[PDB]
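Q: Here's a structure for you.
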Amino acid sequence: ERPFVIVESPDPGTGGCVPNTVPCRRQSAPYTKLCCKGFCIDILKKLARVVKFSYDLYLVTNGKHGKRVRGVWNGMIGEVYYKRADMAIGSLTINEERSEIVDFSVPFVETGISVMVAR
Amino acid sequence: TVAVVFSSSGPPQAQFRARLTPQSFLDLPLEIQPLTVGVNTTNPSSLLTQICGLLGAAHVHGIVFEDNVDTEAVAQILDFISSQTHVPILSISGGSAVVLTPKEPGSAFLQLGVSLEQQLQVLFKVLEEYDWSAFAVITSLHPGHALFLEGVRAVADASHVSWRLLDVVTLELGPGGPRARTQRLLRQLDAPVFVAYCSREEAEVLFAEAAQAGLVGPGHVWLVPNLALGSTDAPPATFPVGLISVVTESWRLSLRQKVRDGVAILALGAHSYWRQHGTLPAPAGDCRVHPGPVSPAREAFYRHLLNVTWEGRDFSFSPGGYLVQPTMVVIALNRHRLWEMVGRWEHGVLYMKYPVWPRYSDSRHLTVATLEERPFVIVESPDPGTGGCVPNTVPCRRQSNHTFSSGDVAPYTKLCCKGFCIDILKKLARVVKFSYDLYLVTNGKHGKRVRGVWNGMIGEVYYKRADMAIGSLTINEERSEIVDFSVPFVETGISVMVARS
Amino acid sequence: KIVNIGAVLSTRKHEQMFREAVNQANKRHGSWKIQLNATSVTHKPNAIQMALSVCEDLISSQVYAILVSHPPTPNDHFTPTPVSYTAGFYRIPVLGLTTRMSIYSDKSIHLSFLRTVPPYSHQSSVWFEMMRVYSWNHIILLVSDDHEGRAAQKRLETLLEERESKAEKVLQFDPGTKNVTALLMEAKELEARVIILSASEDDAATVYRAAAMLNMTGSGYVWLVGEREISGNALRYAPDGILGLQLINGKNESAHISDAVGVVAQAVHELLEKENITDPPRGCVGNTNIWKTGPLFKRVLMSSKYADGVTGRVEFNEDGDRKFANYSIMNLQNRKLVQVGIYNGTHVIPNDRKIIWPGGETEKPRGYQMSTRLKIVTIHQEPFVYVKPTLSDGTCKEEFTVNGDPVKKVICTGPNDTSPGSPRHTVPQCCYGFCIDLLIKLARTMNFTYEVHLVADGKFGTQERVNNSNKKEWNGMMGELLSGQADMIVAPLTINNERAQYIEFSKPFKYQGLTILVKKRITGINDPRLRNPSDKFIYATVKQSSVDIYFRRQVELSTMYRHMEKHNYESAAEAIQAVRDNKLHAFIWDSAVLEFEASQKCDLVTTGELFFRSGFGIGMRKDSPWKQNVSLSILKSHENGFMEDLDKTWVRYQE
Ligand SMILES: COC(=O)c1ccc([C@H]2C(C(C)=O)=C(O)C(=O)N2CCc2c(C)[nH]c3ccccc23)cc1
Ligand SMILES: *[C@@H]1O[C@H](CO)[C@@H](O[C@@H]2O[C@H](CO)[C@@H](O)[C@H](O)[C@H]2NC(C)=O)[C@H](O)[C@H]1NC(C)=O
Ligand SMILES: *[C@@H]1O[C@H](CO)[C@@H](O[C@@H]2O[C@H](CO)[C@@H](O)[C@H](O)[C@H]2NC(C)=O)[C@H](O)[C@H]1NC(C)=O
Ligand SMILES: *[C@@H]1O[C@H](CO)[C@@H](O)[C@H](O)[C@H]1NC(C)=O
Ligand SMILES: *[C@@H]1O[C@H](CO)[C@@H](O)[C@H](O)[C@H]1NC(C)=O
């Protein structure tokens, strides 16, 4: 999601990615190591620096955020509900139906619904 | 009737002859019937046999035990014996006067000594006096160290000052076989202040290894509790010059004075009950019966043996068998290798003999100079009641020694400086890792030599009375030939302010 | 070489087993490289002579260790002390075949001492594992004053604080006591109903009598005790279904002897290949010295493991604890004990029948019997909580609105109606507005009954440490929740880190920030007129509030805060009037409070916009079982549009 999570292919300079970026992979066995940069990624770096833990970050393949097609939850919500991950950071809002099966921390960016029109 | 049990000493003739008649301690408000006991080289069999025989023979109403220092597992035997006989004990000595936290339920020990909590509180009081706010902790694997490791943190929490600590290290140092890992661990830790915990048989290894890794110079300073330095009479070699410790009162008293104090406290308790006209309770029978199943109305006696004072000295004994709220002094090693008093702790206020720590004798701890310049450095008055100035403000005791040829001492009132240059000094201290102490100058403003002799800030720097100098100081070619300047951090010049428009 | 070890027992029959064990262990290695002997003594009714006899036993040979066991005497505490102290003088390692008191682990007092059976303190790990399994979070801990109880409580608290959860309530009674209904009464009046017991047998029986008298042993409760509390006269009368636990095969006294001799041999074999053959002390008199390699022998003995022990693999803790002994779960199935599962201290494996509980039910009980009568505390804030006096008929006057439906109201008590001068007076009033309507909806949504009241001071609540003390207690409304005065807070309470340390909130239901009110140059907090003190402009806030903390939480703003320390109001809309009377130049406070009054009355303007943004949230006590449902109701309200309809009603009906 462009304002918050940005994916960049590693440059041909020296193999490794530009500093202040984190190695990330879009899983699906063969892999190509992109690197991710953004807002929630900076939040994650600070969290790893304060809570004294280590992480590996991997992108999702299926539907973007979440849904329930008769219990088949795709997206990050699904990846957390089926015990294949421990967190899911990014553009993930809060609503009653999600918080039933997945916990949540305090909010850090407040959103809602809005209408954009022509000037 | 009381007993005296000498455990170990040099020539014993003095006290043995002194124990002849009850004219000694002829000021206790009761009739004293003393009896002496001698003891050879000490071991459990000897102690058990001797005191059991004395109890069975003399109807002894109390015992005092004076022992040699550096013994580790003597007091517990006394506790077990006193529990099994229920007759009181009191050890006014060096070896057995080290506190045990858990005792046996029915005993009556009355140790005369302080715990780690009180010593640590006094150590932190003296630590906070001199602005010292960073330190490292090094503790040997001597048992009963977790208690110290947690008391340090508890007391540090209790106080208001930030108390930002660098690192804590647990060494394992003994005979010189396993003495390599501790070397690396001690190599890579740096701090201005150290608080260490080890025994006397281990400081000779700790300080010996510390002197090899550059940790004994006048830049650093040490503080250790009273568990070490057991032989206060003759301090050993390889100890640092000027390490700070705390000792209970009567560290200079004589052995005769100590036994006098013991018999005095016992007789004072006895006569304190006598004023109640109840009784003079007799001790238990002997050792061969294993008697004393329960505690009779005798339990008052032990209780009445607590609050009793003597000669204006509070001797309040806690339910834990150690005296609470005594007076204790701070000692250090001068440049003569003999301890000297520094400051008492009467009624919970620190006194100090030195307004500034001497730092006697690469290096650290360089001195600085500054004077009032209205935005750059501001000098004011300390707290109305505390004396420890506001957070983010540096104590700065000005030197007003205008005369020393026929003047004793000028009272260095504790002022505290704050401002811009002091902020830069704080940042420099954090970055380049040094230590400082400001002191205002009282010979001229900045400097203008009066026919060959300088004055002020540049004068102090030139005559090597100060390593650095910060404040409102201008760069020229007149004085830049004599001292060395830094790259400028404030742009200045000459300006002409006019009246109005 | 002739290697000699010793032992002390009381059987005169199992001593033959000891010599058989040492000979059989000598069959494992007997090439004379090392050779083993064996000595023994018996116990005596007198302690001093017992110590002297251990002394003479020690002198008898060049002894390398001591093995001590529990005689038929009933004084199980002091029995191994006379052997431990005496030998402790010379640092002669000893082992305890069977002893459970938790004083022998204090390595600063018994210098050299080991064990082959876990102490009574280690049961706390089993209790913690059972709690993790059955998911009982609210626990009550009832303990004694003797050292063993304090040690067990300290270990359990170490675990719980390691998970940062703490205990609901800890309460202790001094040992050797009777007629103590007061403490059970004090523990009865809380929501947590699981209680954990550890005391002597007679005290266990007395507690059982009192609790059975107090009805607190029936259904709805689960309390699990240790092993010392289901033996002897205590086991006689007890409520059915008490969980317990027993040792693997303890009190055999002959199973541990083989392991002791085996580990002693394994250690002495490794010791003898070292350069320092000091040779153990010989003599109980004259020798005022120590063994030159006692600590080294203890260290090698500690870190020496065993292959196949009758009681399992043997390792030692940092102090000589048994290190992974087995444990057997128990029960009380109608006056007869039974095995229900085996736990190895790491995990519990239920390998037996079903477990019945005190009430006779079969489904697993849950703690926290949820109450239904909840207290509520709130504060006077204009846009949210209006306070008014009631009429003489007993009801505050009705007030219809343009919508066609009336305004909800409730009865709120508590204040003196006159803060400055009031000797003693509490009066009933009426409360209404935004938060009261939100409480109405919440209560009707989750089936409960409320009794609202007001605070006793008027301040929001802010942590502070009074002089001459080291503890800091919260003041005002924030304190009222912690000390037990209230159960919930329906009021405009902001959510800061310091508050979140000790209480826990729901999800936010209204977002806002901090802003400035001015009577119609003034701007945000950057101007030198503000950063520096001057008489032209004066700024202030409300004392004992969140903004006070926010301005004391920044070193680089010290002077400004100092300005605030000079004079500020402990007040309300009174501060708005102080601004109105031209006394105060500007006001800095929450966004909604200022924005309502500015567009509401007249002639007042808000300066710029927000700079520090935060939310409003309900406050609840730590880990209370209501938070999840409250948050699920708040999110549902946000999704419905009800907070939208509610919002216009009370704040959009202006301008
Ligand atoms: C006698 O000791 C002191 O009085 C003293 C000296 C320096 C500081 C502070 C300093 C400030 C605010 O003044 C800090 O911000 C800071 O980083 N300090 C020192 C840090 C430091 C390190 C890491 N290593 C050292 C070695 C020697 C001396 C200091 C250090 C604190 C106290
Ligand atoms: C010293 O402390 C004791 C308490 O341990 C004080 O109280 C005495 O307590 C016993 C209990 O058996 C009473 O029977 C006595 O009557 C109490 N006092 C007296 C002397 O009657 C005792 O008062 C304290 N003494 C001081 C110095 O205040
Ligand atoms: C090996 O052990 C035996 C017994 O455990 C020792 O023999 C004992 O010696 C003491 C000496 O005071 C006697 O009082 C006992 O009666 C003896 N018991 C037996 C069964 O003979 C023997 O001394 C030990 N070996 C060595 C070399 O000392
Ligand atoms: C002790 O352990 C042995 C070996 O497991 C066993 O045979 C015996 O029944 C147990 N109990 C007693 C009292 O010996
Ligand atoms: C929480 O709500 C659920 C239904 O949403 C209900 O089953 C449960 O009993 C509630 N818990 C409490 C403690 O009220």
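Labeling convention for the structure tokens: chains A, B, ... as they appear, residues from 1 per chain, ligands from 1 in order of appearance.
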Tell me which protein, DNA and RNA residues are within 10 Å of residue 433 of chain B, counting only C-alpha atoms, leaving out same-chain ones fewer than 4 positions away, and put them as a PyMOL selection string.
A: chain B and resi 190-192+364-365+427-429
Q: Based on the backbone DSSP call, show me all residues of segment 450-624 of chain C assigned strand (DSSP E), as a PyMOL selection string.
A: chain C and resi 450-454+504-505+510-519+539-540+586-590+604-607+613-616+619-620
Q: By how many Å are atom CA of residue 423 of chain B and atom CA of residue 470 of chain B apart?
A: 11.0 Å
Q: Could you list, as a ChimeraX atom specification, every residue within 9 Å of segment 211-213 of chain B, counting only C-alpha atoms and ignoring same-chain residues fewer than 2 positions away?
A: /B:183,186-187,206-209,215-217,238,240
Q: If the limit is 9 Å from any atom of ligand 2, counting only C-alpha atoms and all ligand atoms, which residues qualify? Return them as an MDAnalysis selection string.
A: chainID B and resid 272:273 275:276 297 299:309
Q: Within 10 Å of ligand 3, counting only C-alpha atoms and all ligand atoms: which residues, as a list in words?
A: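 Answer in the requested format: residues 2, 3, 4, 5, 6, 7, 19, 36, 37, 38, 39, 40, 41, 56, 57, 59, 60, 61, 62 and 63 of chain C.
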